[PDB]
Amino acid sequence: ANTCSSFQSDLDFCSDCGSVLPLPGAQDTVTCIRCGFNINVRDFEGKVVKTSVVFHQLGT
Amino acid sequence: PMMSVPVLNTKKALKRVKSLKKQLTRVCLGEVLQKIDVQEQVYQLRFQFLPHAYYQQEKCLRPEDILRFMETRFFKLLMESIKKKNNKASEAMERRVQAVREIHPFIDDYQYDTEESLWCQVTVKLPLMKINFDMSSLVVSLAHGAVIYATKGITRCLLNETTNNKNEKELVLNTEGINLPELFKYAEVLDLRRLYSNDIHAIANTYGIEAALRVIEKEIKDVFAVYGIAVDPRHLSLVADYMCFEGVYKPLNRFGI
Amino acid sequence: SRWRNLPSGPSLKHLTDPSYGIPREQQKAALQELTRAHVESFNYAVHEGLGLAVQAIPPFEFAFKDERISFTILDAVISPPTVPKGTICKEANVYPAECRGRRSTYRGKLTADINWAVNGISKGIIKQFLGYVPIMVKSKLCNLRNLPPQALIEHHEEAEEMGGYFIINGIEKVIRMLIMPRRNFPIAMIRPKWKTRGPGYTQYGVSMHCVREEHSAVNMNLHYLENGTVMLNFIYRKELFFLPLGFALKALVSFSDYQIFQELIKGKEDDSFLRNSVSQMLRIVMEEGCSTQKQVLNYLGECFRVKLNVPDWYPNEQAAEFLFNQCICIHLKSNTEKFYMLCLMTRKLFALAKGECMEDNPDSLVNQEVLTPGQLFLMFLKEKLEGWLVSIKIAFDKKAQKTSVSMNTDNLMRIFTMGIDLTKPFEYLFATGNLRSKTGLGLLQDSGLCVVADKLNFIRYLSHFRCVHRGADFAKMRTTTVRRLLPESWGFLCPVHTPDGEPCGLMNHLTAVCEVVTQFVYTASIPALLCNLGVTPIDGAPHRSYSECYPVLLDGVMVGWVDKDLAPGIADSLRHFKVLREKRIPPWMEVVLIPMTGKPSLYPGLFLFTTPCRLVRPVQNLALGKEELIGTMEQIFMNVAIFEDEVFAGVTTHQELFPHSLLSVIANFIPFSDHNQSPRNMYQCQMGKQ
Amino acid sequence: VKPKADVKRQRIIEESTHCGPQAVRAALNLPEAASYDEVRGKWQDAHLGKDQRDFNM
Amino acid sequence: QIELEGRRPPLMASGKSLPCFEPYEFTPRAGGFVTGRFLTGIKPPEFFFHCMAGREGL
Amino acid sequence: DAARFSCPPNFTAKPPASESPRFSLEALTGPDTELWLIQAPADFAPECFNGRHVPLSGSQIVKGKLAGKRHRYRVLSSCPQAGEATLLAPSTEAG
Amino acid sequence: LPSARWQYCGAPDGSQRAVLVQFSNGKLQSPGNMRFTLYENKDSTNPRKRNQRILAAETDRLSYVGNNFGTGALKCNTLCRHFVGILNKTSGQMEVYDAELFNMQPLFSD
RNA sequence: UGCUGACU
DNA sequence: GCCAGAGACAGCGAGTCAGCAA
DNA sequence: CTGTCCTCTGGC
Ligand SMILES: Nc1ccn([C@@H]2O[C@H](COP(=O)(O)CP(=O)(O)OP(=O)(O)O)[C@@H](O)[C@H]2O)c(=O)n1
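Residue numbers (the entry's author numbering), protein chains in the order written: chain A, 7 to 66; chain B, 1262 to 1301, 1313 to 1362, 1496 to 1662; chain C, 5 to 694; chain D, 804 to 860; chain E, 918 to 975; chain F, 8 to 102; chain G, 6 to 115.
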């Protein structure tokens, strides 16, 4: 029960994209849980610090 | 493509040219950026622009202009590209924010940076069903071809200090793009007679065909000169007179016959 | 060794010796090792490789009347040349001395024993005579094998000959080593003409050239599409077919879609465009209708049934297996191993797409191998045997479709009705040089495959068995980048020996110390040894993060994930085994370890090649002094001094045997080549052959 | 070539075998000194780069 | 100084220009600077670069 | 309905061992007991380590004797990584 | 560095084996609700079949099955060997036993 | 005509 | 009606000598 | 392998 947000987590296959509130039971083994997950998947990412930047590259 | 206008040899012109060189080089959003911070259907974006210490020196830019650019051009080209993807998928801070969201229905509120662009992010959201992926790809492929401001056709200037020994005092403002009219405004800083370009179609459109004949001849001569070869001018005269016979610079190839 | 007893300075007291004309007891042994790659390849192709070739040969079942008949080829045997039938007298053998006097082919008899059954309870083993296949001169199926120089003079032969050629109409065709991309190794390429393959394809993709037991080759391309999705292009019978990945991965393995996913995100489990695009591969085209291995095999079976020309009474699930067996990853028997190999080639396209890896130049010898005379011979033999089956049963189905019960009376009169085929097709490939095949043999070239070997001089002749042709198509190209003499052909190709006109840079020659690998070994105790050394099997418990681990491959089969701080010691241990001939490591395995840094260097990982067509060259292994053999890709990660006093303590892992090892055999006949300018040593090499 | 003139040639060839670090370093605009391995890394980065115009420099 | 495309000889994929030279070696010898003459011949590594140049010429 | 695993006819359920109190859940949950997963080459003879002090952290070379020949085994000890094999033990609670 | 005295009490005939399970789709947060049943082949005369085993795990929603034979049997069960060590913290003694690893997978039939 | 060598 | 999407489409040095197979 | 056509196609 720790496969994340795109797989049945008790069956196996992958779920489909969200439309109605309930977890979109897969075409196989339609068991449902967590209609809408608690937190929207948040992503922390940025770019590089050599070429795009003129900062971080005063000397070195 | 290139250009070469001599600099007029006056004390005022020498001073104005520094600003001219710094005025025609292209400054692009990507050349002024540190790194983006994208959070994701509610997609936030903080640009985090560079300090002026090492880019204002030779680009002639200011932070209000740069940021105003994001509000009016980048933050709407962003929705333009979002639609490009989603069509085939299946006291004063206040007025600026308000006019900006007057024009678009997705943004919510950006930021303000009263101290040298400290933290300037934006927030979007498409709540029903959109392909939530690492859209950083889009907002990075777009933050490269996004240029603050540039003269059409010119990519960079440079003043090759000396070009003569006889009258060593000559200065030349060479360029690596081609826009003839966008130099006509500096007839007092630069000598617009003595203007030269290797294009031969642009010369033929600003000065005529009898002026493109001589550019053709000089181009062939300078091509042969780099190897020490020297074809007699009487041959290049005939070639240039035949090419430009009927009023246009016509190619010497299968479509010219 | 094999380069000892090399003369220290030349002598002149060998001429003017009391024994100058007496034919010697055994042949020279340095001249013999020149055509050795041409003969040791054929020796396999005709005896040990022919059995394997016929073993694949799926039994050709088809419908007669209301009956289904099965024909399998149990063995095929090529016999030394001999007087035709017994209609001749006094000597059964036939020696190459004639067919040069007369103008004829030195051809041996190819005969197989087919076994035809009707439902599997009625069967009879008939022995048909397929045809005639040409024979090499000193090739184990020739009559001049095991003859000393004195007995080789009473048959009219050179007393110093090394055959390595064919006599097709008395002309001595010399089929020469062509250059192939590589075998059983995924090469990540950036080719801009790939985005024309479809609507959203990019200019990124890993190509793999698969060879099974030297009888079959196939080329498969994994393409990156802009959506983050990967496609698979396969070619069957010269037609290109595109299957989304996911259709292939679900068919090969009966695993959940999360387990397939956990595999394609092994080293980049923090990236989110990838995690999202793996799911769009598994769900977008596979949760659309097929979610069990059988339904995927059934859907794939129906779309491809028409062009795979499968039997009509075959379930669609059986027609899918036919596609996977004959078109994708020929080299691997398992379907689980075929899954792990398609997953590492994808894990690599994702790194090339995200600029985490450097495109592999297809024109560097690092990513190149040679096509020997035995690979072309068997790959044509196998295809022609399959064609013979097909033609005999075309005749079968077409004659009468009539009550086979009594028709078992003319069964042999039937098989012979199409056994009249296999002879002339084979001589065309040898007399003309160009290839007429339904599948081009995974080759890319269909002409100039065999060439005339002309004895104008013995320096023109000896250079036909050391030539390596980049390809005959590259003689027609605007850009000249396959003519660059890169620094990776140091010791493997001669810098000076290249034709100096239209063929320049395209026709190269091997150095004197370089050699082609031709032996075949067991390589079964190697996967069990790698695990003792420190590797952890593909199944699990890597002990680190899948990013601080090297993906171990051994001949197309991913053993899997040697830890990052155990990879160096493992590579050094494996190199010590091959040098001292311990374990069963072939003396010529290439232990490569492409290190991983944060830079966009070549994709990291510990490879271990032992295949039969790579080029190797000897170098004195310092720290052991035991004459190691290194390969084209293994030589890029090691320092090899040339002269002593150039050897250092930490640097100089290896050392070269002689200082002139870099030069070819002919370029070693030019006197003082060091004091002449180089374009003059290139003309001397071409003038010594006229 | 005269002897007593090949000695100068040999000494100049010996001197020429020490001009790589300074050349590359002062072309990467690196700290003038104190970096002997940062220079190799900067050269490697410039070599595996995409633009490849800091390598031609 | 050997020059192939207007540039020094190319490096391998590992950062060495020739199997004899350490990766990213600073010496000019590793970049095609031949100090040998045809009077007293040139060593093997220099022979290699000279052949590269003479071949690109053709 | 969950299609319930159906045992093939040539297989029979193995009863628990009531003669096994060692791998009993009770024995394994004792405050002084720790469980370790060990992975070794297929030809590894565990008896060669009898009496020898295997490390509980880091990397160490351990010498073993098998059939008169000295073997040295690099032993790597680590922190369990999420997703590791779970040990099954007989439980009286589970019928 | 902390060390343990190694002892292979192991299996009396080697017939005895422990049982390790690994799930192909990840972890079970709290599997306390799982019932495992180990099945063995009835054929004890065939050396090939006598070591064939099936492990079945039943939940309320799905079934998992692992086997040590056939495609589901994976390479790690042989190329490498698995053991379980039981460490007595007080004595510093580690008892080592043979283990069999089962890769578990979900159950459905047409 | 073709194709494989070769010459300036 | 304005101008990108392409997707065909055409061009690719001069002369010379052989042999071999169809 | 590049540059113009240049004939659609397609969207606007
Ligand atoms: N494919 C070709 C090859 C050659 N030629 C012609 O032959 C001449 C001499 O070739 P060459 O190769 O001997 C050059 P050369 O300067 O004489 O050589 P050197 O430095 O050793 O003295 C060329 O300049 C061309 O006129 C041609 O038309 N097509």
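Note that the Cβ used here is the ideal one computed from N, Cα and C, for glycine as well.
Inset, instruction - Helix, strand or coil for residue 531 of chain C, going by three-state DSSP, please let me know. - result: helix
Legend entry - Below-9 Å beta-carbon distance, residue 17 of chain A vs any chain G residue: yes
Legend entry - CB contact below 9 Å: residue 50 of chain F versus chain C: yes
Inset, instruction - Verify the contact flag: residue 505 of chain C, CB atom, against every heavy atom of ligand 1, threshold strictly below 8 Å. - result: yes
Inset, instruction - Go to residue 1611 of chain B, then tell me how far its alpha helix (DSSP H) extends in each direction, as first and last residue. - result: 1608-1611
Legend entry - Separation of residue 1645 of chain B from residue 1621 of chain B, as counted between CA atoms: 6 Å
Legend entry - Endpoints, the beta strand (DSSP E) within which residue 298 of chain C is located: Note, residue 298 of chain C: premise wrong, no beta strand (DSSP E); alpha helix (DSSP H) at 297-312.
Legend entry - Bounding residues of the beta strand (DSSP E) (the contiguous stretch that carries residue 10 of chain G): 8-12
Inset, instruction - List the residues of chain A that residue 1339 of chain B touches, going by C-beta distances under 7 Å, in chain order. - result: Result: empty, since nearest Cβ-Cβ is about 17 Å, beyond 7 Å.
Inset, instruction - For chain E, find out if any of its Cβ atoms is closer than 9 Å to the Cβ of residue 478 of chain C; answer yes or no. - result: no
Inset, instruction - Closer than 9 Å, Cβ to Cβ, to anything on chain C: give me those residues from the stretch 68-84 of chain G, in chain order. - result: 76, 77, 79, 80, 81, 82, 83 and 84
Legend entry - Whole-angstrom C-beta distance between residue 344 of chain C and residue 31 of chain G, which should lie under 8 Å: Not confirmed; about 19 Å, so no contact.
Inset, instruction - Compile a chain-ordered list of the residues in the stretch 51-78 of chain F whose CB is closer than 7 Å to at least one CB of chain G. - result: 51, 53, 54, 56, 57, 58, 59, 60, 61, 62, 63, 64 and 65
Legend entry - Contact set between residue 5 of chain G and chain F, taken where Cβ atoms lie within less than 8 Å: With chain G covering only 6 through 115, there is no way to say anything about residue 5 of chain G.
Inset, instruction - With 9 Å as the threshold, decide whether the Cβ of residue 546 of chain C is near any Cβ in chain F. - result: yes
Legend entry - Bounding residues of the alpha helix (DSSP H) (the contiguous stretch that carries residue 120 of chain C): Element bounds for residue 120 of chain C: not the alpha helix (DSSP H) but the beta strand (DSSP E), 111-122.
Legend entry - Option nearest residue 82 of chain F by Cα separation, candidates F/51, F/13, F/24 and F/21: F/51
Inset, instruction - Starting from residue 221 of chain C, follow its DSSP beta bridges and name the residues at the other end. - result: C/215
Inset, instruction - Below 6 Å CB to CB, which residues in the same chain sit around residue 1299 of chain B once its five sequence neighbours on both sides are set aside? - result: 1317 and 1541
Inset, instruction - State the Cα-Cα distance for the pair residue 89 of chain G and residue 30 of chain F, rounded to the nearest angstrom. - result: 10 Å
Legend entry - Cα-Cα separation, residue 1532 of chain B to residue 281 of chain C: 21 Å
Legend entry - Cβ contact check for the stretch 385-399 of chain C and the stretch 421-441 of chain C: 3 or more pairs under 8 Å: yes
Legend entry - Distance CB(residue 502 of chain C)-CB(residue 954 of chain E) smaller than 9 Å: no
Legend entry - Nearest-angstrom Cα separation, counted from residue 1614 of chain B out to residue 1273 of chain B: 34 Å
Inset, instruction - Compare the beta carbon distance of residue 143 of chain C and residue 167 of chain C with 9 Å and say whether it is the shorter of the two. - result: yes
Legend entry - Given 8 Å, three or more beta-carbon pairs between the stretch 320-330 of chain C and the stretch 560-571 of chain C: no
Inset, instruction - Count the other CB atoms, across all protein chains shown, that sit within 10 Å of the CB of residue 509 of chain C; report buried if there are 16 or more and exposed otherwise. - result: buried
Legend entry - Classification of residue 581 of chain C by the beta-carbon crowding that lies within 10 angstroms, buried from 16 upward: buried
Inset, instruction - Measuring alpha carbon to alpha carbon, tell me which of C/63, C/100, C/202 and C/584 ends up nearest residue 160 of chain C. - result: C/100
Legend entry - Candidates B/1623, B/1594, B/1660 and B/1636, of which the one nearest residue 1281 of chain B by Cα: B/1594
Legend entry - CA-to-CA distance, residue 348 of chain C to residue 931 of chain E, given in whole angstroms: 22 Å
Legend entry - Span of the beta strand (DSSP E), counted from its first residue to its last, around residue 392 of chain C: Taken as a continuous stretch (DSSP letters only), residue 392 of chain C belongs to no beta strand (DSSP E), being part of the alpha helix (DSSP H) at 377-403.
Legend entry - Residues within the stretch 37-61 of chain G neighbouring chain F, beta-carbon criterion of under 7 Å: 40, 41, 42, 43, 44, 45, 46, 47, 48, 59 and 61
Inset, instruction - Would you identify the three-state DSSP class for residue 359 of chain C, choosing helix, strand or coil? - result: coil
Legend entry - C-beta atoms of residue 301 of chain C and residue 232 of chain C nearer than 9 Å: no
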